[PDB]
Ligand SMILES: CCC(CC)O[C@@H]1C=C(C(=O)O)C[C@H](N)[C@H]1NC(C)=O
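As a starting point, one isolated chain is supplied in structure tokens, in the form solved without this ligand.
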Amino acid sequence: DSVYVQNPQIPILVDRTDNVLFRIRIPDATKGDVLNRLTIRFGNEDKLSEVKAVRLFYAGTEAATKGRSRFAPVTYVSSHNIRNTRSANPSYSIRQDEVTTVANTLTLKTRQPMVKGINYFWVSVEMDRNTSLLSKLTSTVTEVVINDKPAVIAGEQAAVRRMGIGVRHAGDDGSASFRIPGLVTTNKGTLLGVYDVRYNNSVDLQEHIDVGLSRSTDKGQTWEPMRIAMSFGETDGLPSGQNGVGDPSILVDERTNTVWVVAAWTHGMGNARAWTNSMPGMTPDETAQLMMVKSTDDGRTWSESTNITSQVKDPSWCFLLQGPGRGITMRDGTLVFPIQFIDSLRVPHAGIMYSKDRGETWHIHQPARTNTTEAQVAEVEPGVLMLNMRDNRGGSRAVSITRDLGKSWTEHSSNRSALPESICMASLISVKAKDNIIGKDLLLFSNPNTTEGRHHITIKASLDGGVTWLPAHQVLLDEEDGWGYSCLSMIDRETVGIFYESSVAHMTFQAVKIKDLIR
């Protein structure tokens, strides 16, 4: 008569058939014990008209050698299975009961005889496809009846659950995977999300990879079918698998609403990683190419790619590429893309590339810091760029300032201190006081909030130019394991968008009120 309940802080996908609402471990069953009924309650303010169905599953037992503290024997709803990312694998989970009209109190039944020791059950919640991305469920398991006796319920199960949408799932449109997210909002309120389309598998360049783009005109409720923003197909009669282009970075030229996508085209290099195989030189046969496309029609259609390699790459560098995610327009109209290069001694450096002429010509000055890679840049105060950097030393983000577009750099107080990481892409954006309901300048940051692995995807806010990230000003979105990359963009004056690699979909979009971050 002891039962343990988990309410996992992972997104409820409005496009999924199953989502894990509760996991339940019954640790000390007698053979023959029956969970006759469990009762769930939803908060008085939950919009239950958007809940399509709640289901109760049995997932069997645990291996003798795997211990007594887990909430499942296996992943219930796969984010990698190209044949099914949307419903519970029916070979791991057996439906016990279903309710299709959802009240504030709800009862699910089984007649399953339990095995001796550990028995796993879980509750699935299915949403209406049209569920608001801003809806939340506050759900508790209030009663569990075993052999017609109420059992003692234990577990942290007070999570307020959030919605999201699986913009891209493993296997969509025939692609094995999608990685490396970037997100902007056009001057028309339009969300543009870029990613690698990794056709064959999930391995990095070199491979068959294109840059894909998902466009939303309704703040993420619906996404237009995937557009290919950049591709090199069988250029020069080399295979498409030796012509990948990826790790995209997107920005909106806020003066013109022209949208810019920069990415790294790898030509040749066998079936091996660009990171170690890109070599010094300038030609596509020698080194990775820095390539840009543009949209003048709010992201519907994309130009032929232009090759900017010769403008900004030092021939001695092994590899120059964009920092994946996004770039910015500054207050004075400067377009800025974060960049990263491997020098002649194979040491990586973050810095910035900028255009003062609407993206006609590009320029790189000095690296910000040794042994850094992926970085995002924000204009934290007028003329002041903050570069927030993946650091190979581990444990924490590197943070530097330039007032001269990277001719010179200064260490920020927050450097190697304020923002924990496991060596992983992170998103940083700035929001002007006039451009948000708080009416204060903000920095917003997202990454996996851990020093090991890629989990606990969290949005953090700073009110003081990134000197302090108070724990009160943070929202946990995904406590389970994913590939970790994320990109932020403000949707409107009240809500931030996050396009990320989650535990629930390769490209996950969620929308968070600023007033949930800063109370």
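All residue numbers are counted from 1 along the displayed sequence.
Form solved in complex with this ligand: not shown, discussed below.
Enquirer: Could you spot which one of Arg162, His169, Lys313, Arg179 gets a heavy atom to within 4.5 Å of this ligand in the deposited bound form?
Expert: Selected option: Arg179.
Enquirer: Answer with one of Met114, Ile339, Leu213, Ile342: the residue that has a non-hydrogen atom within 4.5 Å of this ligand in the deposited bound form.
Expert: Contact with this ligand in the deposited bound form is made by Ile342 alone.
Enquirer: At 4.5 Å by heavy atoms, is each residue in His208, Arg326 and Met507 next to this ligand in the deposited bound form?
Expert: Zero of three within 4.5 Å in the deposited bound form.
Enquirer: Just one stretch in 431-439, 328-336, 371-379, 302-310 has heavy atoms within 4.5 Å of this ligand in the deposited bound form, so which one is it?
Expert: Among the listed stretches, the partner-contacting one is 371-379.
Enquirer: Quick one: is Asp253 in contact with this ligand in the deposited bound form, heavy atoms, 4.5 Å cut-off?
Expert: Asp253 lies outside the contact set for this ligand.
Enquirer: Wondering, does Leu321 line up within 4.5 Å of this ligand in the deposited bound form on heavy atoms?
Expert: Yes, contact at 4.5 Å.
Enquirer: Evaluate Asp298 for contact with this ligand in the deposited bound form, applying a 4.5 angstroms cut-off between non-hydrogen atoms, and reply yes or no.
Expert: No, no contact at 4.5 Å.
Enquirer: Is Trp275 close enough to this ligand in the deposited bound form to count, meaning some heavy atom within 4.5 Å?
Expert: The answer is yes: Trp275 has a heavy atom within 4.5 Å of this ligand.
Enquirer: Could you list the residues in 440-470 that come within 4.5 Å of this ligand in the deposited bound form, counting only heavy atoms and keeping sequence order?
Expert: Heavy-atom contacts to this ligand in the deposited bound form: only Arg454.
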